[PDB]
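I have placed the structure first, in the form of structure tokens, so that the comments after it can refer back to it.
Just so you know, residue 1 is the first one in the sequence shown, and it goes up from there. Reckoned from all heavy atoms, side chains included, excluding hydrogens, waters and symmetry mates. Remember, it's 1-based here, ligands and their atoms both numbered in the order they're listed.
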Amino acid sequence: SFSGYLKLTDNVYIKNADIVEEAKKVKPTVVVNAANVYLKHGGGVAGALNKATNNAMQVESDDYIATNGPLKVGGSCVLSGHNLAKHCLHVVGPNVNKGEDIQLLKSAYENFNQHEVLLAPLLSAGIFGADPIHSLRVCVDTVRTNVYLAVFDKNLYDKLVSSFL
Ligand SMILES: Cc1nc(C)n(CCC(=O)O)n1
């Protein structure tokens, strides 16, 4: 089960951890992927989760896109968690580096409310270009279900905890 997390609120927990290593250890019902609309898992969390599935996540995702078309920014889909989780909830936070509306971050976090408990990264953080402090604020103010946040970067984890209101 989830261990070593700092409790931020009644339902939001945080840990300085590699989400792939966390997923392999916990085997959560849901691991959230920081997806893009095409489910092209190239880098960041998506690239790391996909590599851990030996590319099975990308093969499954390509079939999903062939059938359904792209997701919306702020949207999600539930696919297999492969060797990492029962399910992977692919959530598209806005990518500020692609000029996407940062206001869609709340809509992206609303997807988490469809799942009782999730292992997740901070949406739109990292290579998506948004401020991770703002992402954590939107997370705690939007998500009502139990969310265990894995923050890879140690220095960022310390900054997130020390500045948390
Ligand atoms: C600076 C940085 N490096 C990464 C990865 N990020 C995204 C948030 C995290 O650490 O999980 N932000």
Checklist entry - For the residue pair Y148 and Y13, does the interplanar ring angle fall in the parallel (under 30°), tilted (30 to 60°) or perpendicular (over 60°) class? => result parallel
Next on the checklist: Can you list everything that forms a salt bridge (charged side-chain N to carboxylate O under 4.0 Å, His left out) with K154? Sequence neighbours excluded, please.
Outcome noted: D158
Item to check | Proximity of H41 and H90 rings by center, below 6.0 Å | outcome: yes
Next on the checklist: Out of all atoms in ligand 1, which are within 4.0 Å of some heavy atom of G126? Include the element for each.
Outcome noted: 6 (N), 7 (C), 12 (N)
Item to check | salt bridge (charged side-chain N to carboxylate O under 4.0 Å, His left out) against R137, all qualifying residues, sequence neighbours excluded | outcome: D141
Checklist outcome for this item: shortest atom 9 (C) of ligand 1-to-protein heavy-atom contact is with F152 N, 3.5 Å
Checklist entry - Can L122 be said to touch ligand 1, with heavy atoms closer than 4.0 Å? => result no
Next on the checklist: Could you tell me, atom by atom, which parts of ligand 1 come under 4.0 Å of a heavy atom of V151?
Outcome noted: 9 (C), 10 (O), 11 (O)
Checklist entry - So, for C77 and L39, which heavy atoms are closest and what is the spacing to 0.1 Å? => result SG-CD1, 4.0 Å
Checklist entry - Is it the side chain (CB and beyond), the backbone, both or neither of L156 that lies under 4.0 Å from ligand 1, heavy atoms counted? => result side chain
Checklist entry - For atom 3 (N) of ligand 1, which of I127, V45, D153, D18 has the closest heavy atom? => result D153
